[PDB]
Amino acid sequence: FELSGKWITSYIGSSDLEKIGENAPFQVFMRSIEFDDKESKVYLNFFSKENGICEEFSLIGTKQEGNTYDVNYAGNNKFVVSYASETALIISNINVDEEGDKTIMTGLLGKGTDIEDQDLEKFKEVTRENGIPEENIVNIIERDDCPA
Ligand SMILES: CCCCc1nc(N)[se]c1CCC
């Protein structure tokens with residue numbers, strides 16, 4: 001069961017709409033994730049937009065208790081890979097920004113642009129369980145025009 005490798009964002013959900021719209025810090029276009037269990041770290045590479053222009057990031061988080069990871073970006077973040085199939089990952093993240101406001105978010109990742117409904121139904125369920133309404137879900141594949 002390989003979790004490390006190429007991963008592209010298809011959908012994102014958020015308890016705070018301010019964090020996931022156009023040019024927001026969390027409209028994230030994932031490209032790859034590498035879990036380094038020997039050194040208890042995770043490597044994240046993705047694009048985001050500021051001023052409507054693609055910018056690339058490469059972050060390094062640290063593994064913490066209970067399969068969770070801490071990583072700094074637009075504040076402090078603690079996330080976990082809630083679900084994993086051969087075709088997708090569903091990540092749950094809690095962010096506390098510089099102002100101290102807390103936001104819970106979910107993301108569905110895949111190996112490309114062709115979504116499997118079975119994975120998508122699970123993403124919606126996890127999103128719902130986190131108290132996030134369907135109307136707070138954004139289609140990222142539709143918005144990802146950044147470099148491969
Ligand atoms: C999984 C969708 C993006 C969530 C997410 N974006 C960041 N930037 Se840090 C965070 C933690 C999960 C890697």
Side-chain angles (χ1 to χ4, degrees), residues 2-37 39-51 53-85 87-113 115-116 119-134 136-148:
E2 180 56 271
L3 272 49
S4 290
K6 162 182 186 177
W7 290 109
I8 310 297
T9 308
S10 59
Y11 298 78
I12 287 181
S14 180
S15 66
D16 191 330
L17 296 174
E18 184 275 332
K19 301 289 180 181
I20 57 165
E22 289 51 50
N23 299 305
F26 292 92
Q27 184 153 272
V28 175
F29 307 123
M30 202 62 48
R31 287 296 179 264
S32 72
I33 304 179
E34 302 297 316
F35 296 93
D36 191 353
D37 296 324
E39 303 300 297
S40 294
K41 296 179 186 305
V42 65
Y43 294 73
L44 308 160
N45 178 57
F46 58 83
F47 284 87
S48 159
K49 288 184 172 182
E50 273 197 291
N51 292 313
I53 302 172
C54 302
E55 310 180 326
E56 184 165 28
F57 297 77
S58 277
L59 310 180
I60 299 171
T62 58
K63 198 168 191 173
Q64 300 301 326
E65 231 312 293
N67 286 343
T68 63
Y69 293 82
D70 288 12
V71 70
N72 291 327
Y73 172 81
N76 297 299
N77 311 94
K78 183 185 94 264
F79 71 94
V80 62
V81 180
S82 302
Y83 165 102
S85 72
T87 48
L89 297 184
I90 290 173
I91 294 184
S92 295
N93 179 234
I94 292 174
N95 168 270
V96 173
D97 68 11
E98 296 184 358
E99 284 299 285
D101 288 341
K102 183 178 295 191
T103 303
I104 177 62
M105 49 188 62
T106 50
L108 174 64
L109 317 181
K111 295 298 174 180
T113 65
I115 319 309
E116 284 279 0
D119 289 330
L120 206 45
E121 294 303 324
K122 286 287 170 280
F123 167 70
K124 286 178 297 187
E125 278 145 28
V126 170
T127 297
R128 185 191 78 75
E129 292 169 3
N130 279 120
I132 301 169
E134 185 280 332
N136 288 197
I137 290 170
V138 288
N139 183 144
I140 299 295
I141 0 172
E142 281 181 347
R143 306 180 173 201
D144 189 356
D145 61 0
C146 291

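For the single chain, residues carry numbers from 1 onward in sequence order. For the numbers below, each heavy atom of this structure counts, side chains included, while hydrogens, waters and symmetry mates do not. In listed order, ligands and their atoms are each counted from 1.
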Note, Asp101 side chain near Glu18 side chain (heavy atom, < 4.5 Å):
no
Can you pull out the closest protein heavy atom to atom 7 (C) of ligand 1? Residue, atom name and distance to 0.1 Å, please.
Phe26 CE2, 3.8 Å
So which protein heavy atom does atom 9 (Se) of ligand 1 come closest to, and at what separation?
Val71 CG1, 3.8 Å
Please compare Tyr73, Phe79, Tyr11, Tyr69 and report which has the shortest non-hydrogen distance to atom 8 (N) of ligand 1.
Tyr73
Identity and distance of the protein heavy atom lying nearest atom 1 (C) of ligand 1
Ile91 CB, 3.6 Å
Please list the nearest protein heavy atom to atom 3 (C) of ligand 1 with its residue and the distance rounded to 0.1 Å.
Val28 CB, 4.2 Å
What do you think, any protein heavy atom under 4.0 angstrom from atom 12 (C) of ligand 1?
yes
Going by heavy atoms, is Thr9 under 4.0 Å from ligand 1?
no
Check: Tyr73 ring centroid to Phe79 ring centroid under 6.0 Å:
no
re atom 2 (C) of ligand 1, the protein heavy-atom contact at minimum distance is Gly107 CA, 4.2 Å
Looking at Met30, is its backbone amide N or carbonyl O close enough to the side chain of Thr9 to form a donor-acceptor pair, meaning the two atoms are under 3.5 Å apart?
yes
Tell me if the aromatic rings of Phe123 and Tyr83 count as close, with their centers under 6.0 Å from one another.
no
Check whether any side-chain N or O of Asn77 sits under 3.5 Å from a backbone N or O of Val96 as a donor-acceptor pair, and report yes or no.
no
List every atom of ligand 1 that sits less than 4.0 Å from any heavy atom of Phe46, numbering the atoms from 1 in the order shown and giving each element.
8 (N)
Using a 4.0 Å heavy-atom cut-off, which part of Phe57 comes near ligand 1: side chain, backbone, both, or neither?
neither
Would you check if the side chain of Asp97 reaches a backbone N or O of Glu99 as a donor-acceptor pair within less than 3.5 Å?
yes
Does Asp70 use its side chain to pair, donor to acceptor, with the backbone of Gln64 at less than 3.5 Å?
no
